[PDB]
$ cat run-v3.cif   # mmCIF, C-alpha atoms and all ligand atoms
data_coords
loop_
_atom_site.label_atom_id
_atom_site.label_comp_id
_atom_site.auth_asym_id
_atom_site.auth_seq_id
_atom_site.Cartn_x
_atom_site.Cartn_y
_atom_site.Cartn_z
CA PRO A 1 14.86 5.42 -10.38
CA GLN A 2 12.16 7.94 -9.56
CA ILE A 3 8.75 6.31 -9.84
CA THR A 4 5.64 8.46 -10.23
CA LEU A 5 2.27 7.14 -9.15
CA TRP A 6 -0.08 7.82 -12.08
CA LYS A 7 0.06 4.05 -12.67
CA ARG A 8 0.57 1.20 -10.15
CA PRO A 9 4.28 1.10 -9.14
CA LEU A 10 4.84 -2.39 -10.58
CA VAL A 11 8.42 -3.63 -10.90
CA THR A 12 10.09 -6.86 -11.89
CA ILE A 13 11.44 -8.96 -9.05
CA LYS A 14 13.55 -12.11 -9.19
CA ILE A 15 13.12 -14.89 -6.62
CA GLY A 16 14.23 -18.52 -6.86
CA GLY A 17 15.56 -17.76 -10.39
CA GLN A 18 12.03 -16.74 -11.52
CA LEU A 19 10.91 -13.31 -12.68
CA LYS A 20 7.65 -11.97 -11.26
CA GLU A 21 5.79 -8.63 -11.22
CA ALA A 22 5.32 -7.00 -7.83
CA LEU A 23 3.84 -3.85 -6.36
CA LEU A 24 6.08 -1.43 -4.43
CA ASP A 25 3.86 -0.84 -1.44
CA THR A 26 4.58 1.79 1.22
CA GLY A 27 1.26 0.85 2.90
CA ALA A 28 2.47 -2.70 3.61
CA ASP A 29 4.59 -3.63 6.66
CA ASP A 30 5.47 -6.98 5.08
CA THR A 31 6.27 -8.54 1.71
CA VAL A 32 3.62 -11.01 0.54
CA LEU A 33 3.86 -13.10 -2.61
CA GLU A 34 1.32 -15.32 -4.39
CA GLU A 35 1.53 -19.06 -3.81
CA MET A 36 4.96 -20.41 -4.72
CA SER A 37 7.66 -22.78 -3.53
CA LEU A 38 10.46 -21.55 -1.24
CA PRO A 39 13.27 -23.44 0.54
CA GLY A 40 13.54 -24.21 4.23
CA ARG A 41 11.11 -24.15 7.10
CA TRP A 42 8.29 -21.65 7.48
CA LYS A 43 6.40 -20.28 10.46
CA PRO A 44 2.79 -19.07 10.64
CA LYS A 45 1.68 -15.44 10.39
CA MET A 46 -1.70 -13.76 10.22
CA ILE A 47 -1.68 -10.52 8.26
CA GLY A 48 -4.50 -7.99 8.09
CA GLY A 49 -5.53 -5.90 5.12
CA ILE A 50 -8.68 -4.28 3.90
CA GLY A 51 -11.28 -7.03 4.08
CA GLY A 52 -9.77 -8.87 7.05
CA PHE A 53 -6.95 -11.26 7.90
CA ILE A 54 -5.33 -14.10 5.96
CA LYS A 55 -2.96 -16.87 7.06
CA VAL A 56 0.41 -16.90 5.30
CA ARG A 57 3.67 -18.83 5.43
CA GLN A 58 6.64 -16.86 6.74
CA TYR A 59 10.06 -17.60 5.22
CA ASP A 60 13.10 -15.79 6.60
CA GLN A 61 16.41 -14.76 5.00
CA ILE A 62 15.14 -15.25 1.45
CA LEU A 63 17.15 -13.91 -1.50
CA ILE A 64 15.12 -11.57 -3.67
CA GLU A 65 16.12 -9.02 -6.32
CA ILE A 66 13.81 -6.02 -6.72
CA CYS A 67 14.19 -3.80 -9.77
CA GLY A 68 17.87 -4.95 -9.90
CA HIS A 69 18.54 -4.30 -6.19
CA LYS A 70 19.47 -7.32 -4.10
CA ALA A 71 17.68 -7.91 -0.79
CA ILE A 72 17.68 -10.75 1.72
CA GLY A 73 14.78 -10.89 4.15
CA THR A 74 11.40 -12.12 5.22
CA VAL A 75 8.98 -13.14 2.47
CA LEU A 76 5.40 -14.15 3.25
CA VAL A 77 3.58 -16.55 0.93
CA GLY A 78 -0.17 -16.98 0.74
CA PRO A 79 -3.47 -16.14 -0.95
CA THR A 80 -2.64 -12.54 -1.73
CA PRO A 81 -4.39 -11.02 -4.79
CA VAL A 82 -1.08 -9.47 -5.99
CA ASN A 83 2.65 -9.76 -5.23
CA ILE A 84 3.48 -7.05 -2.70
CA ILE A 85 6.90 -5.61 -1.79
CA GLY A 86 6.48 -4.14 1.70
CA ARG A 87 8.53 -1.84 3.86
CA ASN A 88 10.76 -4.64 5.21
CA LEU A 89 12.36 -4.87 1.72
CA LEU A 90 11.73 -1.32 0.46
CA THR A 91 14.06 -0.20 3.25
CA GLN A 92 16.77 -2.68 2.14
CA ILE A 93 16.79 -1.21 -1.38
CA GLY A 94 16.93 2.40 -0.12
CA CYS A 95 13.36 3.44 -0.99
CA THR A 96 11.91 6.72 0.20
CA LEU A 97 8.77 8.75 -0.56
CA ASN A 98 9.41 12.25 -1.80
CA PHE A 99 7.31 15.34 -2.45
CA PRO B 1 9.92 16.28 2.41
CA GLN B 2 11.77 12.99 2.16
CA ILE B 3 9.97 10.23 4.09
CA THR B 4 11.95 7.10 5.03
CA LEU B 5 10.17 3.78 5.36
CA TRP B 6 11.62 2.45 8.64
CA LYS B 7 8.16 3.18 10.08
CA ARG B 8 4.65 3.44 8.57
CA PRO B 9 4.49 6.68 6.51
CA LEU B 10 1.74 8.32 8.56
CA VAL B 11 0.98 12.02 8.00
CA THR B 12 -1.61 14.57 9.07
CA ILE B 13 -4.39 15.34 6.63
CA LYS B 14 -7.19 17.90 6.80
CA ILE B 15 -10.55 16.97 5.33
CA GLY B 16 -14.03 18.41 5.94
CA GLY B 17 -12.61 20.65 8.67
CA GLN B 18 -11.21 17.62 10.56
CA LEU B 19 -7.55 16.72 11.25
CA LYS B 20 -6.84 12.98 10.81
CA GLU B 21 -3.79 10.70 10.61
CA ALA B 22 -3.45 8.78 7.33
CA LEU B 23 -1.08 6.33 5.63
CA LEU B 24 0.74 7.37 2.39
CA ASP B 25 0.00 4.20 0.45
CA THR B 26 1.59 3.54 -2.97
CA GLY B 27 -0.13 0.11 -2.98
CA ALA B 28 -3.60 1.73 -2.97
CA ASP B 29 -5.42 2.78 -6.17
CA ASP B 30 -7.89 4.73 -4.05
CA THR B 31 -8.06 6.92 -0.97
CA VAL B 32 -10.24 5.35 1.72
CA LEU B 33 -11.07 6.90 5.08
CA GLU B 34 -12.74 5.56 8.22
CA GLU B 35 -16.37 6.51 8.69
CA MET B 36 -17.01 10.22 8.47
CA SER B 37 -19.47 12.67 6.97
CA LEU B 38 -18.70 14.36 3.63
CA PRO B 39 -20.77 16.85 1.60
CA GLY B 40 -22.43 16.19 -1.76
CA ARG B 41 -23.60 13.07 -3.55
CA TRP B 42 -22.07 9.62 -3.29
CA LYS B 43 -22.42 6.19 -4.85
CA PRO B 44 -21.49 2.74 -3.52
CA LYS B 45 -18.29 0.95 -4.53
CA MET B 46 -16.70 -2.37 -3.63
CA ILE B 47 -12.94 -2.25 -3.04
CA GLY B 48 -10.66 -5.21 -2.56
CA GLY B 49 -7.50 -5.78 -0.59
CA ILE B 50 -5.70 -8.58 1.22
CA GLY B 51 -8.72 -9.91 3.16
CA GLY B 52 -11.35 -9.52 0.43
CA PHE B 53 -13.74 -6.67 -0.33
CA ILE B 54 -15.47 -3.94 1.63
CA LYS B 55 -18.35 -1.68 0.58
CA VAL B 56 -17.59 2.04 0.71
CA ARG B 57 -19.27 5.33 -0.23
CA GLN B 58 -17.57 7.14 -3.13
CA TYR B 59 -17.48 10.97 -2.93
CA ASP B 60 -15.98 12.86 -5.91
CA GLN B 61 -14.30 16.32 -6.07
CA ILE B 62 -13.44 16.38 -2.36
CA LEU B 63 -10.86 18.92 -1.13
CA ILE B 64 -8.10 17.48 1.04
CA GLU B 65 -4.88 18.88 2.49
CA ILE B 66 -2.09 16.32 2.82
CA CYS B 67 0.98 17.25 4.82
CA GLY B 68 0.40 20.92 3.83
CA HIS B 69 -0.38 20.27 0.14
CA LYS B 70 -3.89 20.92 -1.23
CA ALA B 71 -5.46 18.38 -3.58
CA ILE B 72 -8.87 17.47 -4.98
CA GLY B 73 -10.12 14.02 -5.84
CA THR B 74 -12.34 11.08 -5.04
CA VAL B 75 -12.48 9.92 -1.45
CA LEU B 76 -14.00 6.60 -0.41
CA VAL B 77 -15.51 6.28 3.08
CA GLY B 78 -16.16 3.01 4.89
CA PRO B 79 -14.98 0.24 7.27
CA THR B 80 -11.26 0.50 6.59
CA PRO B 81 -9.00 -0.44 9.56
CA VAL B 82 -6.83 2.62 8.78
CA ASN B 83 -7.05 5.96 6.90
CA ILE B 84 -5.36 5.48 3.50
CA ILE B 85 -4.08 8.11 1.06
CA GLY B 86 -3.94 6.27 -2.30
CA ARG B 87 -2.35 7.07 -5.65
CA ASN B 88 -5.25 9.21 -6.88
CA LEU B 89 -4.21 11.88 -4.31
CA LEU B 90 -0.49 11.08 -4.01
CA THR B 91 -0.02 12.10 -7.66
CA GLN B 92 -1.60 15.49 -6.93
CA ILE B 93 0.93 16.40 -4.25
CA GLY B 94 3.83 15.28 -6.49
CA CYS B 95 4.69 12.26 -4.36
CA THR B 96 7.23 9.83 -5.89
CA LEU B 97 9.13 6.65 -4.89
CA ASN B 98 12.88 6.98 -5.06
CA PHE B 99 15.78 4.54 -4.76
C1 LIG C 101 -0.22 -3.41 9.07
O1 LIG C 101 -0.96 -4.14 8.08
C2 LIG C 101 -0.45 -4.17 6.73
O2 LIG C 101 0.68 -3.73 6.53
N1 LIG C 101 -1.25 -4.67 5.79
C3 LIG C 101 -0.88 -4.76 4.38
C4 LIG C 101 -2.05 -4.21 3.59
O3 LIG C 101 -3.06 -4.89 3.40
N2 LIG C 101 -1.91 -2.92 3.19
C5 LIG C 101 -2.92 -2.14 2.46
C6 LIG C 101 -3.30 -0.95 3.34
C7 LIG C 101 -3.73 -1.42 4.72
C8 LIG C 101 -2.88 -1.28 5.83
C9 LIG C 101 -3.29 -1.71 7.09
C10 LIG C 101 -4.55 -2.29 7.24
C11 LIG C 101 -5.40 -2.42 6.14
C12 LIG C 101 -5.00 -1.99 4.87
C13 LIG C 101 -2.30 -1.63 1.16
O4 LIG C 101 -1.08 -0.87 1.35
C14 LIG C 101 -1.95 -2.85 0.37
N3 LIG C 101 -2.83 -3.08 -0.75
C15 LIG C 101 -2.36 -4.22 -1.54
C16 LIG C 101 -3.44 -4.82 -2.41
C17 LIG C 101 -3.70 -4.35 -3.69
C18 LIG C 101 -4.72 -4.95 -4.45
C19 LIG C 101 -5.46 -6.01 -3.93
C20 LIG C 101 -6.56 -6.64 -4.73
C21 LIG C 101 -7.69 -7.14 -4.08
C22 LIG C 101 -8.71 -7.71 -4.84
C23 LIG C 101 -8.58 -7.78 -6.23
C24 LIG C 101 -7.43 -7.27 -6.83
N4 LIG C 101 -6.46 -6.72 -6.09
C25 LIG C 101 -5.18 -6.47 -2.64
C26 LIG C 101 -4.17 -5.88 -1.88
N5 LIG C 101 -3.90 -2.27 -1.24
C27 LIG C 101 -5.21 -2.32 -1.00
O5 LIG C 101 -5.79 -3.09 -0.24
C28 LIG C 101 -6.00 -1.33 -1.84
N6 LIG C 101 -6.56 -2.07 -2.97
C29 LIG C 101 -6.37 -1.69 -4.24
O6 LIG C 101 -5.70 -0.70 -4.59
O7 LIG C 101 -6.98 -2.52 -5.24
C30 LIG C 101 -6.67 -2.30 -6.62
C31 LIG C 101 -7.07 -0.53 -1.09
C32 LIG C 101 -6.46 0.09 0.17
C33 LIG C 101 -7.56 0.61 -1.99
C34 LIG C 101 -8.29 -1.36 -0.71
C35 LIG C 101 -0.43 -6.19 4.02
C36 LIG C 101 -1.45 -7.24 4.47
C37 LIG C 101 -0.18 -6.31 2.51
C38 LIG C 101 0.88 -6.54 4.72
CL CL C 102 -9.57 11.06 -8.10
#
$ encode --input "run-v3.cif" --output "structure tokens" --more "lines below"
Ligand SMILES: COC(=O)N[C@H](C(=O)N[C@@H](Cc1ccccc1)[C@@H](O)CN(Cc1ccc(-c2ccccn2)cc1)NC(=O)[C@@H](NC(=O)OC)C(C)(C)C)C(C)(C)C
Ligand SMILES: [Cl-]
Amino acid sequence: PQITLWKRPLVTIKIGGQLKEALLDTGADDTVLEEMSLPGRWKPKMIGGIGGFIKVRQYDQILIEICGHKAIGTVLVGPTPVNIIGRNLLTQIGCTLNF
Amino acid sequence: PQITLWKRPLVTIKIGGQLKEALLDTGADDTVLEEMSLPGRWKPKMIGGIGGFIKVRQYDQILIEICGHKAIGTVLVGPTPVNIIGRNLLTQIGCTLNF
């Protein structure tokens, strides 16, 4: 699709068989989801936004579908205000900015 | 232009006679710049991101040139780690997400 920006670019994602809403975020290096359960081991990461840094759990090679496009990559989990799809997965689904 | 997302989508902007680098940020409602002087009246605003909230000065009807495209809108000024071009100005230059 072509997504204009008059509203927040919110899409449906599917992860662990669950549907969630997430923000397509060109300003985010990483993908960060609200607290949830994921399989396997995790490693620590500190990520910095406006306001400061938060600690998150890093899971690698996670299956996630974004607006019907399949991706497999790193998903961070922690006290984010909103589910965020960052550039690590936007690139996998072939996202560009255009004007 | 078409901007891929392998790297941070940083572009040159011109604002208040100054050239600055800023991030094209579809995950931002607002445009927020590092400390600078702007003309006219302002009012305080709290904005929230990953690490909580910061206080900024809100200036309305500010002229900005983004990657060669002129726009007018509200610009917030304050302790952001990075210069951010948010949706309020991305719409004005006809910027879309495409995949
Ligand atoms: C290199 O660092 C990053 O990539 N940082 C990312 C990040 O925070 N990106 C910011 C822009 C940014 C980049 C680098 C340093 C600091 C900030 C945005 O792309 C992500 N984002 C994602 C985000 C969106 C909403 C909220 C939020 C916060 C409080 C209440 C409700 N929502 C938090 C994070 N948006 C906002 O924070 C915006 N907030 C906003 O539009 O609020 C409606 C601002 C900007 C206008 C403040 C992540 C931590 C998500 C990975
Ligand atoms: Cl505006």
$ residues_near_point --input "run-v3.cif" --point "(-21.1, 2.6, -5.8)" --cutoff "12 Å" --atoms "all atoms listed in the file" --output "PyMOL selection string"
chain B and resi 41-47+54-60+76-78
$ write_last_selection --input "run-v3.cif" --atoms "C-alpha atoms" --output "PDB file, in the frame of the given file"
ATOM      1  CA  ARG B  41     -23.600  13.070  -3.550  1.00  0.00           C
ATOM      2  CA  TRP B  42     -22.070   9.620  -3.290  1.00  0.00           C
ATOM      3  CA  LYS B  43     -22.420   6.190  -4.850  1.00  0.00           C
ATOM      4  CA  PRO B  44     -21.490   2.740  -3.520  1.00  0.00           C
ATOM      5  CA  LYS B  45     -18.290   0.950  -4.530  1.00  0.00           C
ATOM      6  CA  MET B  46     -16.700  -2.370  -3.630  1.00  0.00           C
ATOM      7  CA  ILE B  47     -12.940  -2.250  -3.040  1.00  0.00           C
ATOM      8  CA  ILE B  54     -15.470  -3.940   1.630  1.00  0.00           C
ATOM      9  CA  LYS B  55     -18.350  -1.680   0.580  1.00  0.00           C
ATOM     10  CA  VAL B  56     -17.590   2.040   0.710  1.00  0.00           C
ATOM     11  CA  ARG B  57     -19.270   5.330  -0.230  1.00  0.00           C
ATOM     12  CA  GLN B  58     -17.570   7.140  -3.130  1.00  0.00           C
ATOM     13  CA  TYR B  59     -17.480  10.970  -2.930  1.00  0.00           C
ATOM     14  CA  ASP B  60     -15.980  12.860  -5.910  1.00  0.00           C
ATOM     15  CA  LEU B  76     -14.000   6.600  -0.410  1.00  0.00           C
ATOM     16  CA  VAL B  77     -15.510   6.280   3.080  1.00  0.00           C
ATOM     17  CA  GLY B  78     -16.160   3.010   4.890  1.00  0.00           C
TER      18      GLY B  78
END
$ axis_aligned_box --input "run-v3.cif" --around "ligand LIG 101 (chain C)" --padding-each-side "6 Å" --output "AutoDock Vina command-line options"
--center_x -3.9 --center_y -3.6 --center_z 1.1 --size_x 21.6 --size_y 20.4 --size_z 27.9
$ residues_near_ligand --input "run-v3.cif" --ligand "ligand LIG 101 (chain C)" --cutoff "7 Å" --atoms "only C-alpha atoms and all ligand atoms" --output "ChimeraX atom specification"
/A:25-32,47-50,80-82,84,86 /B:25-32,47-50,52-53,80-82,84,86
$ residues_near_ligand --input "run-v3.cif" --ligand "ligand CL 102 (chain C)" --cutoff "8 Å" --atoms "all atoms listed in the file" --output "mmCIF file with C-alpha atoms, in the coordinates of the input"
data_model
loop_
_atom_site.group_PDB
_atom_site.id
_atom_site.type_symbol
_atom_site.label_atom_id
_atom_site.label_comp_id
_atom_site.auth_asym_id
_atom_site.auth_seq_id
_atom_site.Cartn_x
_atom_site.Cartn_y
_atom_site.Cartn_z
ATOM 1 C CA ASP B 30 -7.890 4.730 -4.050
ATOM 2 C CA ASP B 60 -15.980 12.860 -5.910
ATOM 3 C CA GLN B 61 -14.300 16.320 -6.070
ATOM 4 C CA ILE B 72 -8.870 17.470 -4.980
ATOM 5 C CA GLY B 73 -10.120 14.020 -5.840
ATOM 6 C CA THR B 74 -12.340 11.080 -5.040
ATOM 7 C CA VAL B 75 -12.480 9.920 -1.450
ATOM 8 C CA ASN B 88 -5.250 9.210 -6.880
ATOM 9 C CA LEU B 89 -4.210 11.880 -4.310
#
$ atom_distance --input "run-v3.cif" --atom1 "CA of residue 87 (chain B)" --atom2 "CA of residue 65 (chain A)"
24.5 Å
$ residues_around --input "run-v3.cif" --residues "residue 14 (chain A)" --least-positions-apart "5" --cutoff "8 Å" --atoms "all atoms listed in the file" --output "list in words"
residues 19, 20, 64, 65 and 66 of chain A
$ write_last_selection --input "run-v3.cif" --atoms "C-alpha atoms" --output "PDB file, keeping the file's coordinate frame"
ATOM      1  CA  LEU A  19      10.910 -13.310 -12.680  1.00  0.00           C
ATOM      2  CA  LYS A  20       7.650 -11.970 -11.260  1.00  0.00           C
ATOM      3  CA  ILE A  64      15.120 -11.570  -3.670  1.00  0.00           C
ATOM      4  CA  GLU A  65      16.120  -9.020  -6.320  1.00  0.00           C
ATOM      5  CA  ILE A  66      13.810  -6.020  -6.720  1.00  0.00           C
TER       6      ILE A  66
END
$ atom_distance --input "run-v3.cif" --atom1 "CA of residue 51 (chain A)" --atom2 "CA of residue 79 (chain A)"
13.0 Å
$ atom_distance --input "run-v3.cif" --atom1 "CA of residue 68 (chain A)" --atom2 "CA of residue 4 (chain B)"
20.1 Å
$ closest_residue --input "run-v3.cif" --among "B:17, B:38, B:90, B:12" --to "chain A" --atoms "only C-alpha atoms"
B:90
$ closest_residue --input "run-v3.cif" --among "A:21, A:6, A:40, A:67" --to "chain B" --atoms "all atoms listed in the file"
A:6
$ decode --input "run-v3.cif" --residues "region 73-94 of chain B" --atoms "N, CA and C atoms" --output "mmCIF file, in the first residue's frame"
data_model
loop_
_atom_site.group_PDB
_atom_site.id
_atom_site.type_symbol
_atom_site.label_atom_id
_atom_site.label_comp_id
_atom_site.auth_asym_id
_atom_site.auth_seq_id
_atom_site.Cartn_x
_atom_site.Cartn_y
_atom_site.Cartn_z
ATOM 1 N N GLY B 73 4.074 25.083 9.596
ATOM 2 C CA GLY B 73 3.390 24.360 10.653
ATOM 3 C C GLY B 73 3.996 24.658 11.999
ATOM 4 N N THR B 74 3.537 23.894 12.981
ATOM 5 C CA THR B 74 3.981 24.049 14.361
ATOM 6 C C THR B 74 5.308 23.343 14.523
ATOM 7 N N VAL B 75 6.218 24.004 15.228
ATOM 8 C CA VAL B 75 7.520 23.444 15.531
ATOM 9 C C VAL B 75 7.749 23.539 17.035
ATOM 10 N N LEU B 76 8.117 22.411 17.630
ATOM 11 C CA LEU B 76 8.376 22.363 19.061
ATOM 12 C C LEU B 76 9.893 22.469 19.247
ATOM 13 N N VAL B 77 10.323 23.157 20.294
ATOM 14 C CA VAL B 77 11.762 23.338 20.525
ATOM 15 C C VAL B 77 12.073 22.932 21.949
ATOM 16 N N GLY B 78 13.098 22.102 22.135
ATOM 17 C CA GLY B 78 13.437 21.659 23.485
ATOM 18 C C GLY B 78 14.531 20.601 23.511
ATOM 19 N N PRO B 79 14.703 19.938 24.666
ATOM 20 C CA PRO B 79 15.794 18.973 24.884
ATOM 21 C C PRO B 79 15.597 17.607 24.208
ATOM 22 N N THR B 80 15.314 17.614 22.910
ATOM 23 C CA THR B 80 15.334 16.378 22.154
ATOM 24 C C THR B 80 16.773 15.989 21.812
ATOM 25 N N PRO B 81 17.085 14.678 21.885
ATOM 26 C CA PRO B 81 18.396 14.148 21.512
ATOM 27 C C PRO B 81 18.733 14.381 20.027
ATOM 28 N N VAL B 82 17.693 14.456 19.198
ATOM 29 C CA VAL B 82 17.830 14.576 17.742
ATOM 30 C C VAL B 82 16.728 15.485 17.145
ATOM 31 N N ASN B 83 17.046 16.170 16.048
ATOM 32 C CA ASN B 83 16.042 16.941 15.315
ATOM 33 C C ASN B 83 15.068 16.005 14.594
ATOM 34 N N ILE B 84 13.778 16.183 14.854
ATOM 35 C CA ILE B 84 12.728 15.298 14.330
ATOM 36 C C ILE B 84 11.717 16.052 13.480
ATOM 37 N N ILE B 85 11.529 15.599 12.238
ATOM 38 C CA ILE B 85 10.436 16.070 11.381
ATOM 39 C C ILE B 85 9.281 15.073 11.519
ATOM 40 N N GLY B 86 8.191 15.512 12.155
ATOM 41 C CA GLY B 86 7.043 14.658 12.450
ATOM 42 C C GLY B 86 5.970 14.763 11.379
ATOM 43 N N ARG B 87 4.869 14.061 11.606
ATOM 44 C CA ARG B 87 3.807 13.941 10.593
ATOM 45 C C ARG B 87 3.166 15.283 10.212
ATOM 46 N N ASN B 88 3.092 16.200 11.184
ATOM 47 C CA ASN B 88 2.487 17.504 10.884
ATOM 48 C C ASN B 88 3.165 18.222 9.708
ATOM 49 N N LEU B 89 4.469 17.994 9.520
ATOM 50 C CA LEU B 89 5.181 18.578 8.364
ATOM 51 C C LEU B 89 5.429 17.598 7.214
ATOM 52 N N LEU B 90 5.537 16.305 7.541
ATOM 53 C CA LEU B 90 5.666 15.298 6.481
ATOM 54 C C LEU B 90 4.477 15.296 5.524
ATOM 55 N N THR B 91 3.273 15.489 6.059
ATOM 56 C CA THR B 91 2.085 15.558 5.194
ATOM 57 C C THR B 91 2.225 16.677 4.165
ATOM 58 N N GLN B 92 2.805 17.801 4.602
ATOM 59 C CA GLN B 92 2.820 19.024 3.790
ATOM 60 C C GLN B 92 3.735 18.907 2.578
ATOM 61 N N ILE B 93 4.758 18.060 2.692
ATOM 62 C CA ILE B 93 5.667 17.825 1.575
ATOM 63 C C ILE B 93 5.237 16.601 0.730
ATOM 64 N N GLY B 94 4.109 15.985 1.102
ATOM 65 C CA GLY B 94 3.553 14.874 0.328
ATOM 66 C C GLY B 94 4.283 13.567 0.571
#
